[PDB]
Structures are given as C-alpha cells and as structure tokens.
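Read through the structure below, which is laid out as structure tokens, and then see the notes.
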Amino acid sequence: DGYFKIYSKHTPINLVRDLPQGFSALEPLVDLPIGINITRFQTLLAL
Amino acid sequence: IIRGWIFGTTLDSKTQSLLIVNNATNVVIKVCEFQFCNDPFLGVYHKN
Amino acid sequence: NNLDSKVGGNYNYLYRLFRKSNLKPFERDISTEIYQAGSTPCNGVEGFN
Ligand SMILES: *[C@@H]1O[C@H](CO)[C@@H](O[C@@H]2O[C@H](CO)[C@@H](O)[C@H](O)[C@H]2NC(C)=O)[C@H](O)[C@H]1NC(C)=O
Ligand SMILES: *[C@@H]1O[C@H](CO)[C@@H](O[C@@H]2O[C@H](CO)[C@@H](O)[C@H](O)[C@H]2NC(C)=O)[C@H](O)[C@H]1NC(C)=O
C-alpha cells in the first residue's frame, strides 16, 4: 500500500553447511514511506 | 559480510529506486533516481 | 488563483495526461518517456500516434 517494512532476528548457531532445523519468530523493526514501484532487489555483500 | 540491498524496477535512472546499506560508519537509506553499477558491492582493503 | 495564476498562463503546473494502466494507491510516476498511443511501436522524442 505504498509503505515498505523490515523485520529481523539474530541467533547463535553451530551448524557447518545448511540452515538449522528449528523455530523462532521475527520482531518488526522499521517503516519507510517510499511510495515507489519495486519489482526486483539486489544484495550488497562486501568484497 | 552482508551490508544491504537495492530495491526498484529499472535501476538505471529511468525510475526512482531505493538504496539500503550498513556501511563502516552508519546505515544509509535513500530513495533517488539512481544509476546503479552493473555489479554493486562494498570494497574492503584487508592487507597482511 | 490570486497568488498562482500568471497572466501569460502559468505553464509550470502539469498533469500526466496518459498512462498504459491505472496506478496503485499512493504511487508516484516520474517516467516521462513518450506514450505509445497507437498500434505502431514508437521511439525518439516525437511521432504520429
Ligand atoms: C512496475 O514496474 C514494472 C517494470 O516496468 C512493470 O512491469 C511491466 O508491466 C507491463 C504490463 O503490461 C509489461 O509490459 C512489462 O513487460 C512488465 N515488466 C516486467 C519486468 O514484469 C509494472 O507493471 C509496474 N507497476 C505498476 C503499478 O505500474
Ligand atoms: C556511509 O555512507 C554515508 C552516505 O554516503 C556517508 O555519510 C556522509 O558522511 C560525510 C562525513 O561524515 C558527510 O560529509 C556526508 O554529509 C554524509 N552523507 C549523508 C547523506 O549523510 C558515510 O560517511 C559513509 N561511511 C564511510 C565509512 O565512508
């Protein structure tokens, strides 16, 4: 509806090469009144 | 190693677009007519 | 009007006259590329249709 939102969690893990089987919910974080057409996104890792 | 994201629909200054980035001094969030790099990333000097 | 209207016509106030589909609520469109009204493809700054 023209508003962009973020939710997050951080947690400690000990698994070598795959996403850990378990359950935990994410809290909300931000709201951003951008009002723009988004159809794609792109991640910035550092080199 | 993750720092953030682009979001948009043309990414080459034809339509306004969103930049989100957690850089070494602060987070920045900005909505502008950006011309993005062909391969956006944040470069780090790391020498021995 | 008593502030805004210019005797020669205040041509600094414009509205988007054509669009291919209706916009979603609270969407802003800054794309001013030439509206292909006809069945023709159309390119450059101008053309018939
Ligand atoms: C948001 O931007 C995209 C990209 O311009 C639009 O997606 C296009 O929609 C029309 C539908 O007739 C097609 O001609 C294009 O081929 C579509 N492109 C893609 C990449 O899907 C989208 O319609 C725009 N949203 C709004 C609300 O106008
Ligand atoms: C992270 O990116 C932001 C945005 O480009 C940088 O913020 C600028 O910082 C300088 C120095 O403090 C100021 O002169 C500018 O006015 C800031 N710009 C804005 C939009 O606030 C920030 O410096 C970058 N971090 C690093 C480590 O370079």
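Ordered as shown in the structure tokens, chains take letters A, B, and onward, while each chain numbers its residues from 1 and ligands are numbered from 1 in the order shown.
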
Selection within 9 Å of ligand 1 by only C-alpha atoms and all ligand atoms, output as a PyMOL selection string: (chain A and resi 36-40) or (chain B and resi 8-10+15) or (chain C and resi 20-24+27+29)

Residues within 8 Å of segment 18-34 of chain B, only C-alpha atoms, excluding chain neighbours under 4 positions, as a PyMOL selection string: (chain A and resi 34+44) or (chain B and resi 3-8+11-14)

Using only C-alpha atoms, find each residue of chain A with at least one atom at most 7 Å away from an atom of chain C; report its shortest atom-to-atom pair and that distance in Å (one decimal), sort the rows by chain and rising residue number, and return the result as a tab-separated table.
```
residue	atom	partner	partner_atom	distance
A:1	CA	C:25	CA	6.6
A:2	CA	C:26	CA	5.7
A:35	CA	C:27	CA	5.4
A:36	CA	C:27	CA	6.1
```

Write out the residues from the selection above, keeping C-alpha atoms, as a PDB file, in the first residue's frame.
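Contents of again-v1.pdb, freshly written:
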```pdb
ATOM      1  CA  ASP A   1       0.000   0.000   0.000  1.00  0.00           C
ATOM      2  CA  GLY A   2       2.998   2.373  -0.639  1.00  0.00           C
ATOM      3  CA  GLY A  35       5.887   5.240  -2.430  1.00  0.00           C
ATOM      4  CA  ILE A  36       7.869   3.558  -5.307  1.00  0.00           C
TER       5      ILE A  36
END
```

Interface, chain C side, toward chain B (9 Å; only C-alpha atoms) as an NGL selection string: :C and (29-33)

Residue neighbourhood residue 5 of chain A, 8 Å, only C-alpha atoms, exclusion window fewer than 3 positions, as a VMD selection string: chain A and resid 28 to 32

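Atom CA of residue 22 of chain A is found 13.6 Å from atom CA of residue 9 of chain A.
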
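Picture a line from atom CA of residue 7 of chain A to atom CA of residue 41 of chain B; it runs 23.1 Å.
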
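For the residues A:6, A:46, A:25, A:16, ranking by smallest atom-to-atom distance to chain B using only C-alpha atoms places A:46 first.
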
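If only C-alpha atoms and all ligand atoms are the atoms counted, then among B:48, B:42, B:36, B:1 the closest residue to ligand 2 is B:42.
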
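Straight-line separation from atom CA of residue 10 of chain A to atom CA of residue 23 of chain A: 12.6 Å.
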
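Proximity to chain B was assessed for A:15, A:21, A:26, A:4 counting only C-alpha atoms; the smallest distance is recorded for A:4.
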
DSSP-assigned strand (DSSP E or B) members of chain B, reported as a ChimeraX atom specification: /B:2-8,12,17-22,27-32,35,42

Would you save the residues of that selection, restricted to C-alpha atoms, as a short mmCIF file (atom, residue, chain, number, x, y, z; two decimals), in the first residue's frame?
```cif
data_model
loop_
_atom_site.label_atom_id
_atom_site.label_comp_id
_atom_site.auth_asym_id
_atom_site.auth_seq_id
_atom_site.Cartn_x
_atom_site.Cartn_y
_atom_site.Cartn_z
CA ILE B 2 26.10 -8.71 4.26
CA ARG B 3 25.57 -4.91 4.08
CA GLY B 4 22.14 -4.26 2.48
CA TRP B 5 20.11 -4.14 -0.70
CA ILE B 6 18.90 -2.24 -3.73
CA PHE B 7 15.15 -2.30 -4.43
CA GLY B 8 13.50 -0.99 -7.65
CA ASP B 12 19.41 2.82 -14.36
CA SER B 17 14.65 3.47 -6.62
CA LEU B 18 15.66 2.52 -3.03
CA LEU B 19 19.19 2.03 -1.62
CA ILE B 20 19.71 0.46 1.88
CA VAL B 21 23.32 -0.07 3.15
CA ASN B 22 25.01 -0.74 6.53
CA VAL B 27 23.43 2.79 7.91
CA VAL B 28 22.13 4.83 4.96
CA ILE B 29 18.66 4.58 3.40
CA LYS B 30 17.85 6.69 0.30
CA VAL B 31 15.20 6.97 -2.46
CA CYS B 32 16.52 8.56 -5.66
CA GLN B 35 22.17 4.93 -11.91
CA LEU B 42 31.32 -2.52 -0.92
#
```

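Closest approach to chain B among A:43, A:18, A:24, A:33 is made by A:43 (distances from only C-alpha atoms).
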